[PDB]
Amino acid sequence: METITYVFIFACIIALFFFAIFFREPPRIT
Amino acid sequence: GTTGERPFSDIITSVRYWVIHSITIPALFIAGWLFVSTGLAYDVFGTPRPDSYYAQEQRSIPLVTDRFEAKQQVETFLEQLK
Amino acid sequence: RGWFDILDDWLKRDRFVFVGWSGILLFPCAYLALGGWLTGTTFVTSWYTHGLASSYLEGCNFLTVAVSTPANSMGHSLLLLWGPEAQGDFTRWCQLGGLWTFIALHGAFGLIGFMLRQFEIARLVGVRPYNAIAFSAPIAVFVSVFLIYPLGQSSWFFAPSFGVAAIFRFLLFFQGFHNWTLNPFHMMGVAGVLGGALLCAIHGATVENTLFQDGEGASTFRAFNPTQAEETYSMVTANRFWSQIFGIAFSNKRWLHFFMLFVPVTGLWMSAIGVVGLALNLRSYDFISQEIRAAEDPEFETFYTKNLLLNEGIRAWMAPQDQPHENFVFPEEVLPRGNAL
Amino acid sequence: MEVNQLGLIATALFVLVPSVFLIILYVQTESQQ
Amino acid sequence: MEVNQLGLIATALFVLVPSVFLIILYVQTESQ
Amino acid sequence: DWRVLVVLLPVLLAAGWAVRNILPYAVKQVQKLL
Amino acid sequence: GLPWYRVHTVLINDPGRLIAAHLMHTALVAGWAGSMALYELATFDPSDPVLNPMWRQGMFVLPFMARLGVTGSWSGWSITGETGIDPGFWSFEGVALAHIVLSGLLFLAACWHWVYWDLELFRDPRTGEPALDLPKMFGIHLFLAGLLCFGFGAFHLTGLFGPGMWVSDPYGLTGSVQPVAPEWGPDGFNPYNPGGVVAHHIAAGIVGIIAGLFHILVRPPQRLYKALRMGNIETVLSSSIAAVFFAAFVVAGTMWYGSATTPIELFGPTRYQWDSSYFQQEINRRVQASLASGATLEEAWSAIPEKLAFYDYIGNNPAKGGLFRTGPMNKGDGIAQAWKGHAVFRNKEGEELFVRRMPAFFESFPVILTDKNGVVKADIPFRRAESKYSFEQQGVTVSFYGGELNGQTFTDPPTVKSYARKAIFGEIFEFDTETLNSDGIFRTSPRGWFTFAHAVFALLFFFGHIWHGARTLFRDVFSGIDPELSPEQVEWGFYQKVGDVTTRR
Amino acid sequence: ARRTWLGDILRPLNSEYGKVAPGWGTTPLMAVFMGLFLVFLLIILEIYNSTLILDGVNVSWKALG
Amino acid sequence: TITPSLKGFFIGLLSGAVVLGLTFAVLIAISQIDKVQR
Amino acid sequence: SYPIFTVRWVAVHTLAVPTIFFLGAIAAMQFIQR
Amino acid sequence: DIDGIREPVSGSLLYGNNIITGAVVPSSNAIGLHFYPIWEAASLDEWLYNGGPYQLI
Amino acid sequence: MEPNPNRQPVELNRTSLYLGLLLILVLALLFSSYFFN
Amino acid sequence: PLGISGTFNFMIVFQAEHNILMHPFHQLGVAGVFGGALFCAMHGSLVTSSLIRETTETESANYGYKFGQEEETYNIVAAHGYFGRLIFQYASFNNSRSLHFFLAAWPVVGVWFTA
Ligand code: CLA
Ligand code: CLA
Ligand code: CLA
Ligand SMILES: C=Cc1c(C)c2cc3nc(c4c5[nH]c(cc6nc(cc1[nH]2)C(C)=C6CC)c(C)c5C(=O)[C@@H]4C(=O)OC)[C@@H](CCC(=O)OC/C=C(\C)CCC[C@H](C)CCC[C@H](C)CCCC(C)C)[C@@H]3C
Ligand SMILES: CCCCCCCCCCCCCCCC(=O)OC[C@H](COP(=O)(O)OC[C@@H](O)CO)OC(=O)CCCCCCCCCCCCCCC
Ligand SMILES: CC1=C(/C=C/C(C)=C/C=C/C(C)=C/C=C/C=C(C)/C=C/C=C(C)/C=C/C2=C(C)CCCC2(C)C)C(C)(C)CCC1
Ligand SMILES: CC1=C(/C=C/C(C)=C/C=C/C(C)=C/C=C/C=C(C)/C=C/C=C(C)/C=C/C2=C(C)CCCC2(C)C)C(C)(C)CCC1
Ligand SMILES: CCCCCCCCCCCCCCCCCC(=O)O
Ligand SMILES: [Fe+2]
């Protein structure tokens, strides 16, 4: 159960990487 | 800007500056030297001299072990040398 | 227009070194903590508190000199020069460890003084007081390590001594006795310090390599004026660079600089909290599940079990000389050793 | 391994409670637009 | 009583997950 | 004891010498203070 | 909108909803107290305060109820082991119920004050703007604080009209709620003198009353009202936080060193009592006193109360714990059942040997037996090949006097090494490890867990002091410095005095 | 705003917002009490620390009996 | 009754008064001579 | 028209004077034999 | 077997490690500085024993 | 009785979401080993 | 090793075999990394201290800055004037190019040495 927990949190972090790069609030100028 | 103290680069290239400090600077170096060379520094601070870390046939540290008798313990440890 | 306001005027004059009301506390205290360290390190032994030489006068060099903690027998005595231990004898005070409390205490009050100075100058000049705020981090570290930690233990003796190598020994004490690397609060400290040095390097480099051409010459420093209103580098080209290199960039120069405050301050505050627990020997020493399996299963070995053999070595080999008041006698046959070494 | 059984409910809530807080605040920010 | 350990986590998530869904949906209704 | 005058004497002459050399220019500074 | 970290600033000029929030906080805190007690009562074993006191079972609020006089349960037991008693309503159970009722009444009040926020009371009658006369409220609240502080000392603590407080002998053997008389002498400042606790509260009580009187009638000086922004409620938060972390440092220190208000039967021994062999000295004093009047060894040791022998054991040292080793101390070494006896080691020569005790710093420690004179005479060797001092070679034996093994002597080396291993912990106890599935690793006491929490909170609240005080003195630039700050100001030598534009040169 | 019986009664205690004594008012007397209080905290601290040792004051558990 | 450590306390207290008061004497004087002009 | 003795002046010599004195002391020390 | 002494060290989660104690363990001292790609091993079981993944990573 | 004038909308933008999520997930990843012990 | 505890193993054994604490290049690394953490916080505290008022107290100060705005968002002379008085005038920067190069160079160089 602890192995499932460590790997699940890691996988959630990798998923958040994906959204934060490809689905970010785009920076716009002035 | 500036606060109206005299600039450092003016002072230290000044003649009067180097007239005072060519005496003051070495005099302190020599005073500090003598503080050591006379052995006054050993006595002021209580620092063991190379010959006074241990008693001769002795190899235990004179280590303070009481809070309130600590002063007297150091002093007894010293009489173990004279 | 009484004497208070006249003294306030004189303290707050613009001079080469600003004084302020906070300089009354800061300037004697900082001077004296610093003088005490140089005085002890040049002239003062540790023979009677530790069994160590610790001064230049005795043959030590810059790396081995220290003002050392008092003997364990002084408990948490303030070790005032006029108090019952040295009884006003300056020599016995020096020999008994008195300069340690001197330095540490005038240190504590100097750090207050300095931080009040940051408040005081910030109020007079009209800026927000975040530099002071950030300086709470160094204060937390100092008080937690030099004051709170030995107060939970038996005595000042176990605080860090003021010296390069004495601190190194403190670092290694904490590994073997407290297993301090295993502590998450230290780990978050490490991540904040290293995170800071990272952000420092990466931010200086970004600015310096997104500079606008504002002068003709090859030295690009000259083409900055402190009074220009224009930003001197392109936040936009920096954002593109880092978006495409790393996937995310900063986009808000205010967030960026707040983040540079936040990261290292936080990290230090975190390690401080961990030390507070180590004051009580509330260590992050073991993982129970590992010890249970390890004990039952002689084939189970992890880098965790390997590191505690190391700490166990440190303890047994270092303790008699580091804790001489305990008269630890470990005959050869009881010292933990692996094969041949 | 002989790991503590509330480790799991501790870890799950440590994650879920503050995550849900932030999600709630974000979603209702975006429907203000 | 010798009950199921996972019963606590199953009960807690059973409450927590669907409740949070409703709370998310309701608060963003109100703020528009 | 004696070592204390040995040590102290360079610094007395040192502060004697600077005082002589600077005494004129120092009197100006203080009079300007009203 | 507001950032998440500022949602609660909507209360800064809403005295009514500020009150409702303070009521809600006070409800939650008193609800916790009731919930925590009920949980403790449901998991507490009252059946052996010698070897399973509250402090071994991880009880945290029990001891604070007992400290002030709540000693018994409606089930008939009391924490001194007195049985058949009737505590009336102020039992553990009744105290827990009182706080939950309180919690629920406060929650209803909060609803009222959140709804009827716009009370005329909160309005300045001059301007119509909401405002709190902070200086006069301080005198009001101070005067109440002094009344209560006085009453608590004069009536609860004296037993003039109350139970007293927990007092004990120096070795933690005979504690009980007793009325305490005030110590007005200089020994009332002795942390270890309970009568000084009574004096403190009487005298500080009267000073609080006198000072509250002063602060209700005397307006603050103008210099001071401007200096400290006494029309800004956040300056009260800044100073309040400072006073709070001062207090948190004090209570963590008295909990760790020990004082009359942290007796060891409610909280456990301190680490210093192990450092200085405090119970061991006294145990030895008593065995010598027996031997003097010619009591056999068996008899002199049998006279040692098991409760005193249990204090002389490193497993109750609050400095043997770990941050993530959770639960009661009982979860570690187990539930103490019996003192096995005091263990006496001798070599084949008849010399008596002594186990060198483990110090609190060491998770592990070698087994080294010394003679009266400090000279090492046996150990358990790590490397066997050059071993000189082994139990096998030195003929070491263990004899027990007192306890469960009184009169018993073991000679076979694997047994003698076994008790030698436990002897570094001090006195040797029989534990039950099956019941709580104990894993055998020491945990800290409530003395330790309290000190740790309060030392950490104190430090954190110090940064809140710094934050909220910075925010008071610099309110005017919270959002940023003036965009028309001109470089003549922050540059050197334009003004004689820094920031004073009237000192221009 | 809403008037209430209890409010009308407590009314005068929240009526002098803003009011000050002039200049320094009592500030010198405050200062005397602070200094007194610090010495007092000092003695309490140094007693607990056994840096101040008074007659008949045995800063140990052995003072409980 | 009036013990060595209580005599030392008073030596400390006096020493501190002299240092703080002597410091402030000097500060008040300088500030009176050397004033800022408005 | 500069003052000689100022606050700055005192800060410097508060640091500079004992530095040199300590420097001469440490100098002597290199010549100590056991 | 990081140190060549046929004393294998468990680094991975399924073998009783947590996030703190787990590692990819360095390759065997028996290999020293020799290049140990997968195709030099008789099987992946051997390559795993001797620490091949660390060299690859 | 007038409705309360001190209400204010609260905001969490998307970058603040990603940052907080990341902080909580890495915190969880760090402390979990210690909760299972 | 590629693991958290493995890292600690390697740095413990390194110290027994090399006394890296007493090696000067590690000492510069500490100075490089303690130093960069310090200046990180300095630069971020001093910039944050001298932001120009653009917002109200109900809003994050960060909305004072818009991505790609041409004017600076803090006043570096107010910043120079604070830090120069905290220490003394010439121990503070007022060329932002030299300041950021210093930020870049201190930790990079110290980490070169420890490498
Ligand atoms: C403001 C600057 C400052 C501050 C904050 C401190 C702070 C401290 N010093 Mg340091 N010191 C200073 C300046 C300062 N010092 C200076 C300028 C020197 C050079 C002489 C020294 C030299 C020095 C030494 C040599 C020692 C200290 C020590 C100490 C500590 C104990 C002080 C103590 O017990 O106070 C007690 C006294 C007070 C707090 C003063 C109280 C003032 C009250 C308000 C006035 C009372 C009036 C009076 C008694 C009435 C007289 C009546 C008359 C008619 C008889 C403390 C950390 C000791 C230390 O570090 O121990 C390890 C120590 O041994 N100091
Ligand atoms: C001042 C607070 C306080 C104190 C000192 C104690 C002390 C105690 N409690 Mg109580 N308790 C409290 C509050 C407190 N409690 C509260 C608020 C609750 C309700 C949640 C409880 C509920 C409770 C139960 C249900 C039980 C106890 C038990 C116990 C005992 C064991 C404690 C233990 O193992 O902790 C272990 C401590 C830890 C594992 C430390 C946790 C802190 C982590 C490391 C930090 C969290 C991460 C953080 C976010 C850091 C990153 C921030 C960064 C971004 C800045 C002990 C005597 C037990 C007992 O023995 O019962 C009789 C028991 O079963 N307590
Ligand atoms: C009585 C103590 C007290 C009080 C009433 C306040 C009140 C306030 N603070 Mg201060 N503060 C305090 C202590 C206090 N603080 C302490 C000890 C610190 C140091 C940690 C701070 C540091 C601090 C900062 C740094 C800031 C404030 C701010 C504020 C304001 C907005 C807070 C808000 O919306 O939070 C909103 C909080 C949340 C929405 C959730 C946070 C949850 C936290 C992280 C952890 C979980 C808490 C847990 C459930 C309960 C705590 C238990 C424990 C304390 C017993 C408000 C006036 C802000 C401000 O000034 O705005 C102008 C601001 O920026 N506070
Ligand atoms: C060893 C590491 C280290 C050192 C030496 C250090 C040094 C300093 N930091 C300062 C500032 C800061 N530090 C900050 C963040 C950080 N500081 C950190 C780490 C350090 N910071 C870290 C990691 C961070 C990131 C959070 C900030 C944000 C600031 C500032 O604003 C401030 C500054 O001006 O920066 C340029 C200065 C304040 C000096 C002072 O108070 O003068 C007065 C001197 C006094 C009061 C004497 C103190 C006495 C000390 C405490 C005890 C005695 C020490 C002995 C003299 C020396 C013994 C040393 C032996 C062990 C070798 C000073 C240069
Ligand atoms: C590593 C940092 C290097 C940054 C370099 C400079 C940043 C740029 C400065 C902006 C204006 C440009 C001038 C640049 C050029 C510049 O750097 O000039 C260095 C400066 C020159 O001062 P003068 O007035 O002599 O200037 C002559 C020049 O005008 C030549 O043109 O020297 C000093 O400040 C010496 C100070 C030693 C002071 C001795 C110690 C005093 C003790 C004080 C105690 C400390 C305070 C306590 C607080 C707790
Ligand atoms: C303690 C005490 C006190 C005080 C004192 C004092 C305050 C002191 C001071 C002191 C000091 C004030 C000293 C100083 C010294 C110094 C030194 C000794 C220095 C040295 C340095 C050096 C060595 C440097 C060099 C270098 C190098 C090496 C490299 C780089 C470059 C340079 C140049 C930097 C009193 C009386 C109050 C009383 C009590 C006791
Ligand atoms: C309505 C009402 C009622 C009812 C009442 C009730 C039933 C109450 C309850 C209440 C309660 C029952 C409460 C409780 C509370 C709780 C709480 C408040 C808790 C706390 C928590 C905390 C805060 C925690 C935290 C933490 C954690 C979690 C982890 C570790 C760390 C810490 C410690 C931080 C009555 C009948 C009276 C009457 C009528 C009205
Ligand atoms: C906050 C103010 C604190 C400043 C106090 C500094 C005190 C100055 C040190 C004075 C010590 C001189 C006497 C030392 C002991 C003399 C011998 C004796 O006890 O009779
Ligand atoms: Fe920048």
Side-chain angles (χ1 to χ4, degrees), chain B residues 2 5-12, chain C residues 16-18 23 26-27 30 110 113-114 117 133 184-185 188 226 266 269-270 273 277 282 284, chain D residues 10 14 18 21 25, chain G residues 2-12 21-22 25 29 32 35-36 39-40 43-44 54-55 57-62 233-234 237 240-241 244-245 321 323-331 443-454 457 460-468 471 478, chain J residues 8 11-12 14-16, chain L residues 10 23-24 27 30-31 34-35 37, chain M residues 57 80 84 86-95 98-99 102 106:
Chain B
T2 179
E5 274 105 344
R6 187 180 172 209
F8 279 121
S9 50
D10 207 89
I11 298 168
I12 69 186
Chain C
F16 188 95
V17 181
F18 183 92
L26 166 59
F27 269 125
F114 190 90
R117 175 193 189 73
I133 303 198
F185 286 101
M188 292 187 272
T266 290
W269 270 91
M270 284 312 86
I273 292 175
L282 216 55
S284 153
Chain D
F14 188 68
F21 173 60
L25 251 40
Chain G
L2 292 173
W4 67 268
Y5 48 92
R6 298 183 186 167
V7 294
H8 291 168
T9 63
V10 296
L11 305 182
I12 282 167
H22 292 179
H25 186 269
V29 175
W32 175 83
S35 295
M36 196 64 253
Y39 180 86
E40 299 195 353
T43 58
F44 173 62
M54 70 188 72
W55 49 269
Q57 312 182 37
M59 299 301 139
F60 177 61
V61 292
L62 241 57
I233 181 156
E234 192 157 12
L237 186 60
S240 278
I241 290 178
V244 177
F245 83 71
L323 185 49
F324 285 95
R325 314 184 178 147
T326 60
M329 307 176 105
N330 278 351
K331 176 69 178 170
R443 278 138 166 89
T444 189
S445 73
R447 187 175 304 272
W449 279 118
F450 180 102
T451 298
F452 173 57
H454 283 80
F457 285 149
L460 295 169
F461 269 59
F462 164 71
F463 175 91
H465 171 64
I466 288 301
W467 180 253
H468 279 286
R471 230 184 88 78
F478 180 65
Chain J
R8 194 188 71 174
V12 183
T14 274
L15 301 165
Chain L
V10 48
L23 166 81
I24 284 135
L27 279 186
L30 176 61
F31 277 90
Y34 300 89
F35 298 161
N37 204 349
Chain M
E57 20 192 0
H80 175 59
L86 181 68
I87 314 306
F88 52 84
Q89 185 187 353
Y90 312 120
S92 167
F93 290 97
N94 62 2
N95 185 335
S98 333
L99 164 61
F102 178 87
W106 176 283

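Only this structure's heavy atoms are used, side chains among them; waters, hydrogens and symmetry mates stay out. First listed ligand is number 1; within each ligand, the first listed atom is number 1. In what follows, chains carry the letters A, B, and so on, assigned in the order in which the sequence lines appear, proteins first and then strands, with residues in each chain numbered from 1.
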For [atom], which protein heavy atom lies nearest, and how many Å away is it?
| atom | result |
| --- | --- |
| atom 33 (C) of ligand 3 | G:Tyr5 O, 3.3 Å |
| atom 15 (N) of ligand 3 | G:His468 NE2, 3.2 Å |
| atom 65 (N) of ligand 2 | G:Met36 CE, 3.9 Å |
| atom 47 (C) of ligand 5 | C:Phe27 CE2, 3.9 Å |
| atom 28 (C) of ligand 5 | B:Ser9 OG, 4.2 Å |
| atom 44 (C) of ligand 2 | G:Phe324 CZ, 3.7 Å |
| atom 2 (C) of ligand 5 | M:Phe93 CZ, 4.6 Å |
| atom 7 (C) of ligand 5 | M:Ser92 O, 3.2 Å |
| atom 61 (O) of ligand 3 | G:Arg6 CG, 3.4 Å |
| atom 21 (C) of ligand 5 | M:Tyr90 CD1, 4.3 Å |
| atom 40 (C) of ligand 3 | G:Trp4 CZ3, 4.4 Å |
| atom 43 (C) of ligand 5 | C:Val17 CG2, 4.0 Å |
| atom 46 (C) of ligand 5 | M:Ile87 O, 3.6 Å |

Open item on the list: As a test of the contact definition, would atom 17 (O) of ligand 5 count as having a protein heavy-atom neighbour under 4.0 Å?
Closed with: yes

- [ ] Answer yes if a protein heavy atom lies under 4.0 Å from atom 3 (C) of ligand 2, otherwise answer no.
- [x] yes

Open item on the list: Using a plain distance cutoff, I'd like to know if G:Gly327 has any nitrogen or oxygen under 3.5 Å from a nitrogen or oxygen of ligand 2.
Closed with: yes

- [ ] Answer yes or no: does an N/O atom from G:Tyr39 fall short of 3.5 Å to an N/O atom of ligand 2?
- [x] yes

For [X], atoms of ligand 3 separated by under 4.0 Å from a heavy atom:
| X | answer |
| --- | --- |
| G:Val7 | 34 (O), 36 (C), 39 (C) |
| G:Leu460 | 19 (C) |
| G:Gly464 | 16 (C), 18 (C), 19 (C), 21 (C) |

Shortest heavy-atom approach to [atom] - which of [options]:
| atom | options | result |
| --- | --- | --- |
| atom 42 (C) of ligand 5 | J:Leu15, M:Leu99, C:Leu26 | J:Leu15 |
| atom 39 (C) of ligand 2 | C:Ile273, G:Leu323, G:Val29 | G:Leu323 |
| atom 45 (C) of ligand 5 | M:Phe88, M:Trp106, C:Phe114 | M:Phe88 |

TODO: Classify the contact between C:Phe18 and ligand 5 as side chain, backbone, both or neither, using a heavy-atom distance cut-off of under 4.0 Å.
DONE: neither

TODO: Between M:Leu86 and ligand 5, find which residue part has any heavy-atom pair under 4.0 Å and reply side chain, backbone, both or neither.
DONE: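 Backbone only; the side chain of M:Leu86 stays clear of ligand 5.
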
Open item on the list: For D:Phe14 and L:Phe35, take the angle between the two ring planes, folded into 0 to 90°, and tell me which bin it lands in: parallel under 30, tilted 30 to 60, perpendicular over 60.
Closed with: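 Perpendicular, since the angle between the ring planes exceeds 60°.
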
Open item on the list: Distance check, rounded to the nearest 0.5 Å: G:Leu11 atom CG versus G:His22 atom NE2?
Closed with: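 The distance works out to 7.5 Å.
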
Task: Sub-4.0 Å atoms of ligand 2 with respect to non-hydrogen atoms of G:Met59 - done: 62 (C)

Task: Check ion pair G:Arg471-G:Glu234 (N to O, under 4.0 angstrom) - done: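 Yes.
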
Open item on the list: For ligand 5 and B:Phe8, I'd like to know whether there is a polar contact (N/O to N/O, distance under 3.5 Å).
Closed with: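 By distance alone, the answer is yes.
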
